[PDB]
Amino acid sequence: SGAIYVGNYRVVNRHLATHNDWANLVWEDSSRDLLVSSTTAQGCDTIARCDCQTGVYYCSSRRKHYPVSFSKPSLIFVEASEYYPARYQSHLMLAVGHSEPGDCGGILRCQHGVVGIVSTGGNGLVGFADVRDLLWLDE
Ligand SMILES: Cc1cnc(CNS(=O)(=O)C[C@@H](C)c2ccccc2)o1
Ligand SMILES: [Zn+2]
């Protein structure tokens, strides 16, 4: 589990969105596994605006933050999970690291701010849904 709290927005994995998220929806995209809802309180996270390929992510199944190198956001075939059939996921970045289903929502960050959230896992890989192109999160 986990979210990004920037401005009056809450960014979560679409597959983990709650009824309150869907009842206060700003934007959602199944192909990216992302959903954004509105919040009453202002958040403290800041979004990175860059093309970094190194950063640090939080892994809840290890209670640890790991430094990783990751690929640029791309269209990748992701195997079936409990939440999606095997399909192409867009704006996804991969790194070598540990990721179990419940690790979704952990933040990946670089020197400029939050880069994305954990979205995929298995086989010693971790995949992150990028948010750096969503410029509207800043206003
Ligand atoms: C990059 C890639 C291709 N095929 C896959 C694996 N697909 S999945 O990540 O949707 C599987 C899911 C159960 C999960 C496991 C662990 C963590 C977060 C989700 O990943
Ligand atoms: Zn950066």
Side-chain angles (χ1 to χ4, degrees):
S1 61
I4 305 164
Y5 293 96
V6 54
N8 288 270
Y9 297 121
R10 165 174 144 94
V11 187
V12 286
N13 293 92
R14 187 186 186 274
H15 73 273
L16 299 180
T18 67
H19 163 74
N20 185 72
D21 290 320
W22 279 109
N24 291 280
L25 182 65
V26 172
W27 170 85
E28 54 83 26
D29 183 320
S30 173
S31 77
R32 294 178 69 151
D33 185 42
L34 285 181
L35 181 147
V36 178
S37 59
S38 62
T39 65
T40 59
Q42 293 180 279
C44 297
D45 295 318
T46 290
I47 313 296
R49 305 294 180 195
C50 72
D51 205 11
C52 287
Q53 288 186 255
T54 66
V56 174
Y57 84 106
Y58 183 63
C59 177
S60 71
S61 68
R62 298 285 180 267
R63 289 194 187 102
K64 279 195 182 56
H65 295 258
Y66 292 102
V68 285
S69 299
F70 54 95
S71 60
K72 295 195 183 197
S74 309
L75 185 67
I76 309 190
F77 200 66
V78 179
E79 294 303 318
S81 68
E82 301 156 81
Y83 301 94
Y84 297 110
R87 57 90 151 86
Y88 280 96
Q89 181 159 323
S90 63
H91 299 266
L92 185 68
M93 297 172 293
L94 294 183
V96 174
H98 188 72
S99 175
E100 294 176 28
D103 287 324
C104 284
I107 283 173
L108 173 66
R109 65 185 74 229
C110 67
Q111 73 178 92
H112 305 105
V114 172
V115 170
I117 53 172
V118 175
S119 176
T120 73
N123 295 339
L125 299 157
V126 50
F128 310 98
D130 183 51
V131 300
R132 295 176 291 186
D133 65 315
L134 304 173
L135 312 187
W136 56 260
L137 289 172
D138 302 342
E139 58 201 16

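Just so you know, ligand 1 is whichever comes first in the structure, and atom 1 is the first atom listed for that ligand. Computation of the quantities below employed the complete heavy-atom set of this structure, encompassing side-chain atoms and omitting hydrogens, waters and symmetry-equivalent molecules. Positions are given from 1, in the same order as the sequence printed here.
The aromatic rings of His65 and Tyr58 are tilted relative to each other, their planes meeting at an angle between 30° and 60°. Aromatic ring pairs are classed by plane angle as parallel below 30°, tilted from 30° to 60° and perpendicular above 60°; the pair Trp27 and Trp136 is perpendicular.
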Stepwise, does the side chain to side chain contact (heavy atoms under 4.5 Å, CB included) test hold for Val115 with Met93?
CA-CA 10 Å; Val115 170; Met93 297 172 293; 3.7 Å; yes
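For atom 11 (C) of ligand 1, the nearest non-hydrogen atom of the protein is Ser81 CB, 3.6 Å. At the shortest separation from atom 9 (O) of ligand 1 among protein heavy atoms lies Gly121 N, 2.8 Å. With hydrogens left out, the protein atom closest to atom 8 (S) of ligand 1 is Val78 CG1, 3.7 Å, a heavy atom.
Interface of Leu94 with ligand 1, defined as ligand atoms under 4.0 Å from a residue heavy atom, comprises 1 (C). Ligand-side atoms of ligand 1 in range of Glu79: 3 (C), 4 (N), 5 (C), 6 (C), 7 (N), 8 (S), 10 (O), range being under 4.0 angstrom from any heavy atom. In the vicinity of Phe77, heavy-atom distances shorter than 4.0 Å reach the ligand 1 atoms 3 (C). For ligand 1 and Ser99, the ligand atoms under 4.0 Å from any heavy atom of the residue are 16 (C), 17 (C), 18 (C).
Under a 4.0 angstrom heavy-atom cut-off, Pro101 registers as being in contact with ligand 1.
Here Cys110 contributes SG and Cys52 contributes SG, and at the Zn ion (ligand 2) these two atoms make an angle of 120°, given to 10°. The angle subtended at the Zn ion (ligand 2) by ND1 of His112 and SG of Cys50 is 100°, given to the nearest 10°.
With 3.5 Å as the limit, one finds a donor-acceptor pair spanning the side chains of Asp33 and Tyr84. Judged purely by distance below 3.5 Å, without hydrogens or angles, the side chains of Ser119 and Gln89 pair a donor atom with an acceptor atom.
The shortest N or O to N or O distance between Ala80 and ligand 1 is not below 3.5 Å.
Under 4.0 angstrom from ligand 1, the non-hydrogen atoms of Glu100 all belong to its backbone.
Using a cut-off of 4.0 Å between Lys/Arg side-chain N and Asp/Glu carboxylate O, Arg14 and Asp29 are scored as not salt-bridged.
When each of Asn13, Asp133, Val131 is paired with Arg32, the side chain to side chain contact (heavy atoms under 4.5 Å, CB included) condition holds for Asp133 and for no other.
Listed here is the closest heavy atom pair of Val26 and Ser37: CG2-C, 3.8 Å.
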